Amino acid sequence: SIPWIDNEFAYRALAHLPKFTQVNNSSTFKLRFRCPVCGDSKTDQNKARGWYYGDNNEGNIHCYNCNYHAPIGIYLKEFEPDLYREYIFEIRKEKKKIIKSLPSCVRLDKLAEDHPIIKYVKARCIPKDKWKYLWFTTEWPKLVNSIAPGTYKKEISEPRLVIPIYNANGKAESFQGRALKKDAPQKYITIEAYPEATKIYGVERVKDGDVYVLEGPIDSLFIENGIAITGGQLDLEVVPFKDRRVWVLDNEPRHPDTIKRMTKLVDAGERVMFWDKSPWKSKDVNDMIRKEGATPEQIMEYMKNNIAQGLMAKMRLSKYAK
Amino acid sequence: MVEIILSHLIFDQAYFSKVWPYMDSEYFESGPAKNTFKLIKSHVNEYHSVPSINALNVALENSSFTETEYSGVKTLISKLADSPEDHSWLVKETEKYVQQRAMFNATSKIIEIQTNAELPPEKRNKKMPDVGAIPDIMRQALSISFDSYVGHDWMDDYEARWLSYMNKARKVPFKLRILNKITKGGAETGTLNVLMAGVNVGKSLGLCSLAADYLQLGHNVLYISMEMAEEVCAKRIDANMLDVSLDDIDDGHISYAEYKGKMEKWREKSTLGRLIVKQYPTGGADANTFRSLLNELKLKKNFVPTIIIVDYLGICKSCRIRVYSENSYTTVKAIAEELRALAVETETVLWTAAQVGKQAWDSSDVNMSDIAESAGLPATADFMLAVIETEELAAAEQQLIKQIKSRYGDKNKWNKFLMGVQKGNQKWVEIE
Amino acid sequence: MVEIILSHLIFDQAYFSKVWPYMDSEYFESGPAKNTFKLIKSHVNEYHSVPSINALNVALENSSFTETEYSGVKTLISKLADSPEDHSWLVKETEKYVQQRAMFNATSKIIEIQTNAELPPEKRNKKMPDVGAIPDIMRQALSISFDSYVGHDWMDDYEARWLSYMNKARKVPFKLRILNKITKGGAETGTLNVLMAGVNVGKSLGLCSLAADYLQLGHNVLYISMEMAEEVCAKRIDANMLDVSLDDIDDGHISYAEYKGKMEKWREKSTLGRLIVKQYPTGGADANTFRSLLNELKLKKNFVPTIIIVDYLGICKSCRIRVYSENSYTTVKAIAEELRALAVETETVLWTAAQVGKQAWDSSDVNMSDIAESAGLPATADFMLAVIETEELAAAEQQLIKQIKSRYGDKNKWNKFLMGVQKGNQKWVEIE
Amino acid sequence: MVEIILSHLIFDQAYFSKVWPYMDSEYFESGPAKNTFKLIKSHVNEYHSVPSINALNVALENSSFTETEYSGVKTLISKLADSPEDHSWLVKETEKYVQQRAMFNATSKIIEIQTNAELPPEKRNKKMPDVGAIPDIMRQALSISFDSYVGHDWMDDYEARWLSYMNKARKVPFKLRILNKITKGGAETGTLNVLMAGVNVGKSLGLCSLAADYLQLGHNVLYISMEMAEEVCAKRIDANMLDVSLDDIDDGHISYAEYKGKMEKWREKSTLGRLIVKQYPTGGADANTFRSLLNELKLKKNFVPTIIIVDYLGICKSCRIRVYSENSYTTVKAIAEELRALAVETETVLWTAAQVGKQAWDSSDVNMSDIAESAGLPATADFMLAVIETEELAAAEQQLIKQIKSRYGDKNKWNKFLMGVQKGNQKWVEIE
Amino acid sequence: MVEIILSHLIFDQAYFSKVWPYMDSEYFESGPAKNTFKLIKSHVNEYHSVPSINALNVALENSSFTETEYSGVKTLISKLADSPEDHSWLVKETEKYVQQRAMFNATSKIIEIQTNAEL
Amino acid sequence: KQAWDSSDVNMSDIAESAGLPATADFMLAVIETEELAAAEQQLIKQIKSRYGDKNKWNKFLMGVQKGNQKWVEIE
Amino acid sequence: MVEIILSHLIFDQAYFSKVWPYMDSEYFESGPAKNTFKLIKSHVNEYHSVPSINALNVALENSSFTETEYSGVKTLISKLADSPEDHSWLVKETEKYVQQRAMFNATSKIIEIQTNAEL
DNA sequence: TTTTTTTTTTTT
DNA sequence: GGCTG
Ligand SMILES: Nc1ncnc2c1ncn2[C@@H]1O[C@H](COP(=O)(O)OP(=O)(O)OP(O)(O)=S)[C@@H](O)[C@H]1O
Ligand SMILES: Nc1ncnc2c1ncn2[C@@H]1O[C@H](COP(=O)(O)OP(=O)(O)OP(O)(O)=S)[C@@H](O)[C@H]1O
Ligand SMILES: [Mg+2]
Ligand SMILES: [Mg+2]
Ligand SMILES: [Zn+2]
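Quick notes on the site of ligand 1
Inspection of the region around ligand 1 gives 17 residues, with B:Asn200, B:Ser204, B:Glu227, D:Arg407 and D:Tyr408 positioned closest. Lying at an intersection of chains, ligand 1 is approached by residues of chains B and D. One of the side-chain nitrogen or oxygen atoms of D:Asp410 is found 3.3 Å away from an oxygen atom of ligand 1. About the coverage of ligand 1: the protein hides 95% of its 650 Å² of free accessible area. If you tally residues by element for the shell around ligand 1, the top one is helix α10 (residues 203–215) of chain B, at three residues. The residue inventory of the shell around ligand 1, partitioned by class, reads four nonpolar, five polar and eight charged.

Observations regarding the pairing of strand β4 (residues 275–279) of chain B
All names here are of chain B. When you tally the buried positions in β4, you get four out of five residues, the bulk of the element. In terms of strand pairing, strand β3 (residues 221–225) meets β4 through five bridges, oriented parallel. Looking across to β4, one finds that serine 225 is bridged to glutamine 279.

Re the site of ligand 2
Around ligand 2 lies a shell of 15 residues, among which D:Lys203, D:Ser204, D:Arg236, F:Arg50 and F:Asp53 are the nearest. Within the backbone of D:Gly202, an N or O atom sits 3.2 Å from an oxygen atom of ligand 2. Alone, ligand 2 offers 630 Å² of accessible surface; in the complex the protein occludes 89% of this. A per-element tally of the shell around ligand 2 places helix α10 (residues 203–216) of chain D first, with three residues. Counted by class, the shell around ligand 2 contains four nonpolar, four polar and seven charged residues.

Some words on the interface of chain D and chain B
Contacts between the two partners involve 48 residues from chain D, matched on the other side by 61 residues from chain B. Applying the counting criterion to the chain D and chain B interface returns six salt bridges. In this structure, D:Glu159 engages B:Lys260 in a salt bridge whose closest nitrogen and oxygen atoms are separated by 3.4 Å.

About the cut-offs
Residues numbered from 1 in each chain as written, not as in the entry; some residues may be left out. Chains lettered and ligands numbered in written order. Part of a larger assembly, values for the part shown. Heavy atoms only, no water. Near = heavy atom within 4 Å. Polar contact = N/O pair within 3.5 Å; in protein donor to acceptor, adjacent residues only side chain to side chain. Areas by Shrake-Rupley, 256 points an atom, 1.4 Å probe, with all protein chains shown as cover. Helix = DSSP H or I, 4+ residues; strand = E, 2+ residues; numbered from the N terminus. Nonpolar A, V, L, I, M, F, W, Y, C, P; charged D, E, K, R; others polar. Buried < 20%, exposed > 50% of the residue type's maximum accessible area, 1.4 Å probe, protein only. Pairing = 2+ DSSP bridges. Contact = heavy atoms within 4.5 Å. Salt bridge = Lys/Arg side-chain N within 4 Å of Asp/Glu carboxyl O.

Following this line, the structure appears as structure tokens:
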């Protein structure tokens, strides 16, 4: 198919749609908009469940409200035949910033031992030394607007735990804020100094031997050579130590997305971790530590004797499925 | 002028009586117009009357439409009004609009077809017509008109019937008088003639005999052989015309001197045409390839045929359907339609030879329920004959013709007659 | 829809007299519509007549309603429509509305019954029906139909049935006295009637004679031909109607002047019908293609026939069998059933012809046992007339008509009769 | 691929001699490609030869272009090399490119015609054709195949045809005088020959007899077994060649001395060929496997077989159709077509067996209709003989061979002849 | 060593004669290598000859896969180049590679069958 | 069904497929009539004999004993 | 269901008679389950009778492992109870468990063989 | 929509 | 703030 011309035609046709958004990352062409087929959610007028994907082999539209999915050509012919004919004829026609200041931030290692967040991190059972990499803020929106103005409409006083993300050079080019309260718009609000900032945590702290890729940076704290891809799309290329890295996901065997990711990793022949014999059964490492009492050295012992790759990984995954 | 068309469908009766049977949902844009026409058509199908504005507003409320579609339909219904105009400009304007919409739809369909064809196999859409089907679609769109003839109306179409009585179509005579008797003077120009027969019973023998007979009458004959080499067909023709058996030619009984003398004696005769034999691989030729062959024959040899002969219909390519897409019946019917269209376009008598089913083999009588590949061939054909040399006709050096479908005359007059097939000379002689 | 229902209750008579007995207060709403209908019902009860707008407003003024109810009723009364919608659509739509509202009310009632059932027995309403009454309640919701006509009810439709026997509502005369005598007034609508032809008996002569006779009596005739073209069948029709011999047309004895004069003389007569001749290939017309042809003729030609004449039953194709045979019993039985179903569903007299058994061919007498179609045609045919042509009858220009199956009347009343067949004009004349 | 087309136009005479006849400026582009082709066409018109790079550059200097077009043409001309690609792929690819560009141009032309038609008559251009020219425009763009050969002429090529009559290199003798007599010189290369009979009648016996007869004539024979093992069939070939028995081999009546003496005596003969026996599991081979087997045989040993014997076509597996995708009439015919294509590609005589349905397993005669698998096999076949054995025949050890489909010669000259089949020796013996 | 195998399938008639009968599409990769081999196999089935670089580029342009796949195939084709080699080392190495890929596919299918039957 | 209670059974009497005789090395037909049953014998006919010539010794009478489920020869 | 299997090996008798011959130390685990089964098998080999819980504690005391796993083993033998389950279900579930573990071990073994062949 | 095996049934 | 096939 012809992705670029389809993307252009979809852009022309859907420029006028409600909630139209040009959600285009560095490698994908997605358009977010309110689904004209169903008007998206009747209750929520700000929902834009109409999505066009040009990254797909053929730019395809799908609504998450009316569950209407089709190619761009089908929608164009069934809704705008006028430009559809011109498009179908065209078918054969073609034929960096570094964060330097920490306003309203007090590092946990230098924070007072009586601070409530210190007590919470004790409930989180984080190693004391790791506190020299985490700050606490009472003015997270204020701090972000001080560093990146216009981010927050109001600089409300919100206490969060700020983990700066240091590049291999050790330069904080981003930061993730964890809301202390159980209720929040997002558990981990991550803001980067520049769009090309590193999405991998602990890169500056990588040592010799195998490197363990985890989910949460706090989880990586308990682990030597623990790096954390800070959200985003899992891309092998952006990940260093492509020779020696070790994949460690959450212990959620019945969860479908986790096993999908693990299948993706193993099909790339990677070296992954398996929990099919873990004495603890919590979802993640920190949960095993705080609940099952799991201690980090036992965890490392288990993991160094549970890494599998290739056919070994595949067969050990089959059993771990369910 | 969709709004005017809908308004005068709702508010006018003579306009509705004149234009409704020809309107279709595909003639309207996918916005409010198509949905409003859907409501009107559903109401007419359910109650056999033209709906009012209240009926449609009731039908709109009792419909599964989105908010945008509902708003568009309601706005379009509100905008409808009975503008007084003349019932001679409305009909012609509606006809023009319908023709334009049909042409637009045909253009979109062919543009899509071309896009589908260039796709690699195992990804391209199936059941979608190939590139060779493009002109036929464009022939259908131009035929849209608000005038329709369904059957012959007595007392309403009687001038044409009198013309048919008094006038007779031109006929290309045969050389066998029996065929002229059963066809009232021969075969017409734009026709598809088929000589069905069993396997190895004389399909090519009869076609080569016809080719020789037409060549002796001064016609330009094109023999498209899809199964045999050019030299083999030309040797059959030589045996027919030089009165030498195929055994004599193969064994070398005749010398080059006698062969050259006979060929030059035939050349010196003024009442001789030109026969050109073209061989194509099995499944490698279609109607478009035949048209290219005709174009190159006219341009490079100054040759315009009249008696185009295809050795076997079942081997040729569909030209409208992709290979191995539909069943044998549909593909063979499409081939027959394409060949008849080619014959009509080129004004050439087209002769072919299909194969009967296994049941008809060694059967003393055959009928229309014996065609192997497709029973739709008689419908497309204009004259169809059969060969019944089963068990004892071969010993008597004879044959039999059933006359399965004869559009030139009446099949039940000389339905079965005996033909003296001579296989050494590859010819038909008459028993008279 | 409620606005339309109330408006046409106020401003109509037939609609009121048709839908008032099936109209209840609970069918409308719990707001302005219910109050307006209560006013209408109160007025019709106190004064047995449909109220007017002024009377309705006076009643609303002298009524116990709050401010919001007063405003709603006033607005609804001011929003009445006197538009004259078609009666059939109005009745059907109000029936659907009533049925939907009744179903909704019954479902709500059974849900409330179930909810009350799951309550402390000491604490429940006594008036609420028990759970066992649920299946009956829904039945009362399903027993709502403005008009109940399921079949023919003996002792409840005897007055309408008598009007059928006196008015001969089903009979279609023949224009031949003998055929009317043995059919008690002609053939009936929704019937299949066939002619059995023995030796020297064409099947299309009798069919063309019947078609001409029906045409002279004012009936719309649809002649579907299989083995012949439209022009040939219409030429047989012309021979019978214009009194010109069939061979005279081909020879040219009759000139254009006489032909046109006779045709215009026939056109002047107001007792003449329309004849539509449609041709189909042999075996290419099942009794589902005929339905499409009828739909096209009704939509485009406005031609709704009362007589349908198929040239030959054997040549037709069984839609149910799909596979086709030249002379197979299973196909003939299916073809007859399909054609009779078409006749019943179209309320038309359907005519066809078949060949008698070989033994029937040799014997002047033809027995139902002596029929090519055994237990297949004398089972699906209301009338089966047999035609016998021997040497002595042919020398006297006659054919012996024998009655082999007569659903209409007694078969043995007048079984044998001599018919004056003219093979040149394709006509049947009576014999004194 | 315009660069490739231009490079092989300039730098290849064979390519120029087959594509230049069909090439236009509209086919290439609107930019540098069209200008380069225009320069080439101008140079070839002014001087009847293919230009060189230096001459093309000099002409470009002489010709006048704007700056952009001049730069584009210079850049394109710089990019021309010999690059000796395959001729067949090159001509096929340029034909595809020409066809797709012609289709694009035709679609644009008809779109322009439609756009001009909608314009008012005053504004519209008179040069553009009417809409009625849309179909043929799309048809002339579907008849642009690359084919300059028109075919035989029968009067301008009778000398070449007579010379072709003397080319008997296709014939392969049979070593049996009766088979040569009925085939007019034996079987021909690239033909599908079939030997059909019932179960346990001697089909593989006849195949092994033919293999031995061809081996004794010096041919290379490739026997492909589908049921039996390699050593079992080689035992039958040994029984035919050494001429002792089948049971005596297994009963020890032949000592190793006599066995060796005979094999070495046959080795000393210079008239002996090479025989390779290959076995395949049932339903696991076709021409695709056979072509790879042929390539491996040619690479490993100096063995190019002239005769290819397939144990049974039915046991074989079709290339495109899966194991049970479609019914027997299709996949069997597909396998037959693939085998004939393989034979005509390798120019080898292909022999195979066929099964007969149960209706003729105990009959004194077998017809062509008695083919157990698809009836398309007796359509792709060329010399389908038949083996019939009865009790009287088995008493005399004389199988009857009936000529079922004879494409080489007259099927009815010697229709039935007796053979002298010796079952112990697996040999066919002629009867005099 | 997929690049070497493809390069000597293109630029070596002796190598193609022995390895081709056995080469299959499931022995290379799920990305550029499989697509390039599919192009080569289609060309061989259509013309019974080994395609050249120009033929591969032409077939690549007349292909329907996405931008990533197109770029990968283009890079792989541009990297194909004949090298001074010896028939034996190549045939043995190709046999080892084909056997290893066959074993890998077999064990993957075995794992798939085991994890499918346990449903 | 047509071969049941018949004095002779042919190869064409195979029930479920005509391909079974084609894909079978050896087949033997067991035939029993009332006379044969009274003689405690069965006629075995060689229908498809791939190990030898079927014309020779085509039909011989085995001495089936139904009580002992045993075949015995008559030689 | 290793806990159920061990508990019904120690306590149940007919289940022990039917299932013991088809028991191997490779079917259970590489942790506390394997150690417990090894202790039970050693005891049944020494004394041709099923051991008791006190006997298991004595065997743990005299025959010791590294404390890291030894704690896990001693906390593994604290849950084995009588739990009179039905015989047919217990046998069927034990058979399914041992079959699954045998398939897993065979797949791991063939993967290791393939890995060794590559070396 | 045809094609081929096998069976079962029925009609002539 | 993402999430489809
Ligand atoms: N060389 C020949 N010499 C004499 N008679 C021949 C020769 N070739 C064919 N015939 C006869 O001609 C008859 C008809 O052959 P064809 O013309 O090929 O009929 P056909 O229907 O075309 O056969 P097909 O195409 O294989 S179904 C055969 O049955 C033979 O008897
Ligand atoms: N070992 C043998 N000794 C003697 N005669 C044999 C032997 N094997 C077969 N025959 C004879 O060969 C005749 C037919 O041979 P076949 O080749 O088996 O026939 P065919 O079954 O058509 O070929 P197939 O099925 O591909 S093996 C049988 O009727 C036997 O008389
Ligand atoms: Mg032929
Ligand atoms: Mg056999
Ligand atoms: Zn939606």
